Amino acid sequence: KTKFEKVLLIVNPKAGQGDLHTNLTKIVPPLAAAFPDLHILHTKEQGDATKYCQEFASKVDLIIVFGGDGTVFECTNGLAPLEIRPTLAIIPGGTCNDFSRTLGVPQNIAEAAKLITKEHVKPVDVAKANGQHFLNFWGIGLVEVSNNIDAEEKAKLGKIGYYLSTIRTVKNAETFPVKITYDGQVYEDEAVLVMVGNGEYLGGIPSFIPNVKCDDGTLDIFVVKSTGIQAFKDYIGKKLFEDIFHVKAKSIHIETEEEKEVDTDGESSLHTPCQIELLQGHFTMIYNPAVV
Amino acid sequence: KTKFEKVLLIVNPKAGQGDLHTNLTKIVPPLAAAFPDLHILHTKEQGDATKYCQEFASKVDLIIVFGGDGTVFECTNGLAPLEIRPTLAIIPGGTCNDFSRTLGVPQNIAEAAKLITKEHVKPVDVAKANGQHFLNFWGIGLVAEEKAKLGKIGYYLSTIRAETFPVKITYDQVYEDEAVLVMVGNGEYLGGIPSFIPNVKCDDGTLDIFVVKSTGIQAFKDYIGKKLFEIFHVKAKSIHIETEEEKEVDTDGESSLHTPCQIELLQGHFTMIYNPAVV
Amino acid sequence: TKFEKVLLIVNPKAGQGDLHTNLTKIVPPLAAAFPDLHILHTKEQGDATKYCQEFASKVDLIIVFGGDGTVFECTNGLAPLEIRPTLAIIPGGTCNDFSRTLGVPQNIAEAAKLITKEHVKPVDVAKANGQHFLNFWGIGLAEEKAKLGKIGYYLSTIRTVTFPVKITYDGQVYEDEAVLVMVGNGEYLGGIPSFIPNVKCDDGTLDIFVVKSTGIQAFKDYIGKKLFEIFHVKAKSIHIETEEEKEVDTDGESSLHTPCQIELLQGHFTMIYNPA
Amino acid sequence: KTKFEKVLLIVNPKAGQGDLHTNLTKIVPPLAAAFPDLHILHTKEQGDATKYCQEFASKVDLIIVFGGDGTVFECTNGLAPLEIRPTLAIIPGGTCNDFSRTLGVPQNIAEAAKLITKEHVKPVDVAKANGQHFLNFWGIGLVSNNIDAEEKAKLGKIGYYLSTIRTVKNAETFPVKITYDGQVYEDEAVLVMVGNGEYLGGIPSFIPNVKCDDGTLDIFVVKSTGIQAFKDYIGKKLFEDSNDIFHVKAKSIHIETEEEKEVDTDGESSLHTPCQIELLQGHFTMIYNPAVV
Ligand SMILES: [Mg+2]
Ligand SMILES: [Mg+2]
Ligand SMILES: [Mg+2]
Ligand SMILES: [Mg+2]
């Protein structure tokens, strides 16, 4: 009894603060004891994880990634476009690790590795925006680092985490027109933030978009109107994330007046306009049934 | 001197009218003689060619496909999303074989196979519409079994002798009108004959937008009749197309794309075997 | 089908070196029948051995297009391994002894077709001091020599052409002056049915055949007559000693010499054959 | 700046007394930190290590085996007959681990793993007897109670023989003929060995001055008249030449007995006499400890 005859572990050697030998002591032995056919590849350059996923997708039954949101995103882009997509698992090696939290994965990396040996798997929806896949979110209006301190915190927290840490003090925020068509309906207004969420955690903490699930077959649209800046600041302060326009939809189109740059799970070249679709149960992933 | 240390040949056994042994007699010996490491896989089901491309892309230097537009499209979708994409070649095994004609590939399959042994390669642009790739075309307004023989676009051309719709197109500017046909072309041949969209090249780094206005139905019918291919038509790299309702889109083969669409061009995305004598 | 994946090893010099024409004859029947077929050409001596060793765990059938020497490279490639896929021969030399043992037609298009019928049988492989063989082991054996092979050449000239030997075989002993000592596994030697009578490549024993020093003239006549029915016995475990080291001839190029311990590996290969 | 782009680690999960997780904690992290392409396969049955070697020999640049003399022998038989033979390394996971000691590999398994990361390699001769390869020895003339049987498994065949030879009462004598590089030895013997390893039975070779890379093999024969002197020789552990004990170096060897006698070697096998024995000079490249040599 195993679901996974062959396993690949992709290691970003800079993950877990870059203490490589110590990180491998924590994660490899549980996996090597449990999985009698285990291949371990370190990345060297940006894109390597994507390439490994595309090369090994037809060869292994499980791909485990040790890395932060960026490494996980490389795997998302590697596997999502393929016909054959093995189960994916995350050992959280950044500071944010949003999707791992969505899957209930303990942030202790030794514990994350042990969890994978339990082999609990569930289907997970993958979103697609103009042919660009994501697991956590799509957003405009999340855009300001003055210095290394700020830049180190921004890198540590992630784009969304950083935005949340500073939104309560962001004086005079940029407003913009937006048109959103969703399952035959329309929303048009002046906005300060537009999000489409798939992850149950954003910025390291439960999604500020209420009641997001990564496997319910719909996406969540969340818009902060130009008149709602203070109410959103207060809402973020209180951390009570119950239902500013917010609706669930499967097929979404978002237009702005000018082409605006889009933020998503990691580095990308998306901009508006965007057509956004959902691929239901597209990935199977290791998760923690006790917590999630 | 060889550019291709390892070669994969994907065979759709139903191609070339399905006379499998005879077709293999024509195509395999020239390839096996020229390429000392040659792997031959037959497809069995829809999607197999896509799977083979994705499994072998990191393993071989050349993938040859023996099949019609649909098999070629499966290879286009297999390879286009990947980081590593080996050279692709086509042995035309359907009735239309548009992109093979774009590459100057002789429709004689033995000759197409020999051509590959010459190893003439050129970059080819690949288009992408909302994450769906194509080599020949994207279109809306393209609407008896001769339909299967000719292909969607070939069939449309055979019968063009009424439905209008609103369309908005943003390109690099804006075009807004009532239309009967909207095309974005990348292939030099459509429906088995030279593109009715004038002066299309698959490697010039831009796409061609071609719109038949609601007032232009008769002029387009006459234009198609005359076969002088020289109505709004413009070249652009980044394109967005909106309709009033979600309209189904036709492309190189079977697909689920619909409007609205963002269309991009990936310059030189593929390298492909071609015939430099056809000029 | 018994063969999900197939490898075809091509020696491009086989079949007189008319490569394209030879591929027209052999590849289409195989490619039509086997939907996963990988074709590799050899370039240097030893390539066929390497290919067999690399692909033995990956494919279910290995077909070799080549003469006795190419077949011997495959024999040496596969025989020492734990996992040995079925082997088939398309005869691309002049002699092709083991192909004849298997009833393979010498017409290469017809040999290729036969493979598509997938008739398979176990075949014994012999081993002498760690050197494997399919046809023969022997002591006492230029354009014509290369065409016919060592054993074929010997037979073509024996009618116009001595040493001490001790042979222990399954606990018994033979000791005499000899002119030829053979151990046969193949049913054909030198392109014609084995001059060692009633050899079978799959009966679980080897055949020892010794021409005594006094038997030269009788052996010449025996070869002339080609009725193949001096010492001949069947045995499984064999040791052969001479007074000095003598060089040994076998299926192809090798560095064997006496003394030799010879063993039989029963059913060691499975091979494509012609049941008709 | 590495010699090994791809590495395979073969794990016998019963090695190191079978504490699998703890053993992997000791050996895998150093290797995984040093080798950015590392494939780890566990054996399940006898023969698996042989099969893994034969499958991966053309695919990887280094094969590391974690296991005892038997697992190492499976690798020896896997790789030795092949045309392409990657470098081999041993992490000692049995009790004896003779060849690892020949290579100066520390018996501490975490230290053995670290050593591999240093990438020190040397050529090693591999012997071949009637097509059966070996690294340590070939021998003829080599369990009273549960104690004996337990100690036999712990020590290995040659280690066990050495632990009990001082007790053996009326040992079987047998006739033997040995031809070696054109010369001959014929006598009644109680033990005949051909040695290639520098350690036998867990301690330095009782055959004097054996080297695994000097291009010759060592023949060592205890005559029927020399039983007592050999017992005393083993007792004293001074393994230098001195006289009813025949010892010579040779490259091409043939050994004949009156009847077919069963042969013992590095691990389980079906060899018997008569035997032709050859040496394949530099046949393997192997990881070693140049500090201990
Ligand atoms: Mg959802
Ligand atoms: Mg163009
Ligand atoms: Mg027989
Ligand atoms: Mg030595």
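Sequence lines set the chain letters: A, B, ... in the order given, protein chains first and strands last, and positions in each chain run from 1. Values reported hereafter were calculated over all heavy atoms of this structure, with side chains retained and with hydrogens, waters and symmetry mates removed.
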Donor-acceptor check, side chain of [X] to backbone of [Y], threshold 3.5 angstrom: yes or no?
X: A:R101; Y: A:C96; value: yes
X: A:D265; Y: A:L135; value: yes
X: B:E74; Y: B:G47; value: yes
X: A:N12; Y: A:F66; value: no
X: A:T95; Y: A:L157; value: no
X: A:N97; Y: A:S100; value: no
X: A:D125; Y: A:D216; value: yes
X: A:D48; Y: A:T43; value: no
X: A:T284; Y: A:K122; value: no
X: B:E83; Y: A:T50; value: no

Has [X] got more than 12 heavy atoms of other residues, nucleotides or ligands less than 6.0 Å from its [atom1]?
X: A:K250; atom1: NZ; value: no
X: A:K248; atom1: NZ; value: yes
X: C:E4; atom1: CD; value: no

Is any side-chain heavy atom of [Y] closer than 4.5 Å to one of [X]?
X: A:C214; Y: A:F99; value: yes
X: A:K44; Y: A:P13; value: no
X: A:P210; Y: A:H246; value: yes
X: A:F4; Y: A:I286; value: yes
X: D:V11; Y: D:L20; value: yes
X: A:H21; Y: D:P30; value: yes
X: D:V7; Y: D:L31; value: no
X: B:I63; Y: B:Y52; value: no

What heavy-atom pair brings [X] and [Y] nearest, and what distance separates the two atoms?
X: A:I209; Y: A:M195; result: CD1-CB, 3.8 Å
X: A:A129; Y: A:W138; result: CB-CD1, 3.7 Å
X: B:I10; Y: B:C75; result: CD1-SG, 4.3 Å
X: A:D98; Y: A:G203; result: OD2-N, 2.8 Å
X: D:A34; Y: D:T117; result: CB-CG2, 3.5 Å
X: A:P273; Y: A:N130; result: O-ND2, 2.7 Å

Open item on the list: Can you tell me how the ring of B:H39 sits relative to the ring of C:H38, calling it parallel under 30°, perpendicular over 60° and tilted otherwise?
Closed with: parallel
TODO: Evaluate the ring planes of A:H282 and A:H133, with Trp represented by its six-membered ring, and classify them as parallel (under 30°), tilted (30 to 60°) or perpendicular (over 60°).
DONE: parallel
Open item on the list: side chain to side chain donor-acceptor pair (under 3.5 Å) for A:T2 and A:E119? Distances and angles first, verdict last.
Closed with: CA-CA 8 Å; A:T2 180; A:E119 302 195 0; 2.7 Å; yes
TODO: Could you check A:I221 against A:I180 for side-chain contact (heavy atoms from CB on, under 4.5 Å), going step by step and ending with a plain yes or no?
DONE: CA-CA 9 Å; A:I221 303 168; A:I180 302 173; 4.1 Å; yes
Atom pair [atom1] ([X]) and [atom2] ([Y]), whose distance is rounded to the nearest 0.5 Å:
X: A:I140; Y: A:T264; atom1: CD1; atom2: OG1; result: 12.5 Å
X: A:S268; Y: A:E261; atom1: OG; atom2: CD; result: 8.5 Å
X: D:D37; Y: A:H42; atom1: CG; atom2: NE2; result: 9.0 Å
X: A:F73; Y: A:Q132; atom1: CZ; atom2: CD; result: 4.5 Å
X: A:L219; Y: A:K128; atom1: CG; atom2: NZ; result: 12.0 Å
X: B:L79; Y: B:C53; atom1: CG; atom2: SG; result: 4.5 Å

Task: A:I91, A:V105, A:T87 screened by side-chain contact (heavy atoms from CB on, under 4.5 Å) with A:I116, the one that passes - done: A:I91
- [ ] Could you please spell out the steps behind the side-chain contact (heavy atoms from CB on, under 4.5 Å) verdict for A:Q54 and B:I84?
- [x] CA-CA 9 Å; A:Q54 298 179 336; B:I84 294 167; over 6 Å; no
TODO: Going by the ring-ring contact (aromatic ring centres under 6.0 Å, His included) test, name the single residue among A:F222, A:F137, A:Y163 that passes it with A:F208.
DONE: A:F222
- [ ] Dump the intermediate steps for side-chain contact (heavy atoms from CB on, under 4.5 Å) on A:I90 and A:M285, then the final yes or no.
- [x] CA-CA 9 Å; A:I90 300 164; A:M285 299 191 76; 3.9 Å; yes
Task: Ion pair check, B:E55 and B:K51, cut-off under 4.0 Å - done: no
Open item on the list: side-chain contact (heavy atoms from CB on, under 4.5 Å), that's the test. Do A:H253 and A:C274 meet it? Break it down for me.
Closed with: CA-CA 6 Å; A:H253 195 255; A:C274 282; over 6 Å; no
